[PDB]
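This report refers to the structure that appears directly beneath it.
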Amino acid sequence: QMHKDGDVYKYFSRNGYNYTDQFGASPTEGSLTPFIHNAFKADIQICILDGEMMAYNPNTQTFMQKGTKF
DNA sequence: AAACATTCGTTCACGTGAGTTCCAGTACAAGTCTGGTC
């Protein structure tokens with residue numbers, strides 16, 4: 001689950017553990033935020049979202065199911 | 001005028017429906033143990 005306020009991002013797991021270190025707390029750093037920051041529309045500054053985090057292979061353009069690996 | 005049959009209000013036993021308490025079956029939620037990898 002992702003919390004967004006302006007340029008500030010925060011991520012939480014199923015049981016409540018912080019994961020912002022991995023996914024980035026600002027567009028300058030991270031593994032997802034620098035690329036998803038510009039996806040949001042002009043009028044949206046505060047947001048809470050819930051979803052799944054997955055691994056994507058661009059070569060085959062396919063989701064790699066995280067059975068137990070990668 | 002006397003004897004026998006019938007009828008009536010009473011009595012007991014037995015059966016059936018509704019209320020109450022107790023326990024078993026069911027459901028759901030949380031806890032505990034386990035598995036696999038990166």
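Ordering of the structure tokens sets the chain letters (A, B, ...); residue numbers start at 1 within each chain; ligands are numbered from 1 in the order shown.
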
With a distance threshold of 9 Å and counting only C-alpha atoms (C1' of nucleotides), extract the residues of chain A near chain B and express them as a PyMOL selection string.
chain A and resi 67-70

Could you pull out the strand (DSSP E or B) residues of chain A from DSSP and send them as a count of residues only?
22

Compile the contact shell of residue A:28 as an mmCIF file with N, CA and C atoms, in the first residue's frame: residues with an atom at most 12 Å away, counting only C-alpha atoms (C1' of nucleotides), same-chain residues fewer than 4 positions apart removed.
```
data_model
loop_
_atom_site.group_PDB
_atom_site.id
_atom_site.type_symbol
_atom_site.label_atom_id
_atom_site.label_comp_id
_atom_site.auth_asym_id
_atom_site.auth_seq_id
_atom_site.Cartn_x
_atom_site.Cartn_y
_atom_site.Cartn_z
ATOM 1 N N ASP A 7 5.476 15.391 -3.072
ATOM 2 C CA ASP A 7 6.680 14.697 -3.499
ATOM 3 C C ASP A 7 7.116 13.613 -2.523
ATOM 4 N N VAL A 8 6.328 13.338 -1.488
ATOM 5 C CA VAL A 8 6.687 12.377 -0.452
ATOM 6 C C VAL A 8 5.893 11.098 -0.666
ATOM 7 N N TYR A 9 6.582 9.961 -0.596
ATOM 8 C CA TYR A 9 5.982 8.650 -0.775
ATOM 9 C C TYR A 9 6.313 7.770 0.420
ATOM 10 N N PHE A 23 11.593 0.889 -2.347
ATOM 11 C CA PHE A 23 10.845 1.448 -3.465
ATOM 12 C C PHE A 23 11.001 2.956 -3.609
ATOM 13 N N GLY A 24 11.695 3.615 -2.689
ATOM 14 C CA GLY A 24 11.967 5.032 -2.828
ATOM 15 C C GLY A 24 10.966 5.938 -2.146
ATOM 16 N N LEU A 32 10.894 2.115 -7.898
ATOM 17 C CA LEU A 32 9.625 2.345 -8.581
ATOM 18 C C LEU A 32 9.230 3.813 -8.643
ATOM 19 N N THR A 33 9.505 4.579 -7.589
ATOM 20 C CA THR A 33 9.018 5.951 -7.531
ATOM 21 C C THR A 33 9.576 6.826 -8.642
ATOM 22 N N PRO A 34 10.871 6.791 -8.961
ATOM 23 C CA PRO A 34 11.373 7.685 -10.011
ATOM 24 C C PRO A 34 10.679 7.482 -11.339
ATOM 25 N N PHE A 35 10.100 6.306 -11.565
ATOM 26 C CA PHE A 35 9.423 6.006 -12.816
ATOM 27 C C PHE A 35 7.916 6.193 -12.751
ATOM 28 N N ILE A 36 7.295 6.052 -11.576
ATOM 29 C CA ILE A 36 5.847 6.207 -11.474
ATOM 30 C C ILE A 36 5.433 7.589 -10.990
ATOM 31 N N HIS A 37 6.383 8.464 -10.657
ATOM 32 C CA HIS A 37 6.005 9.781 -10.150
ATOM 33 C C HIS A 37 5.206 10.570 -11.178
#
```
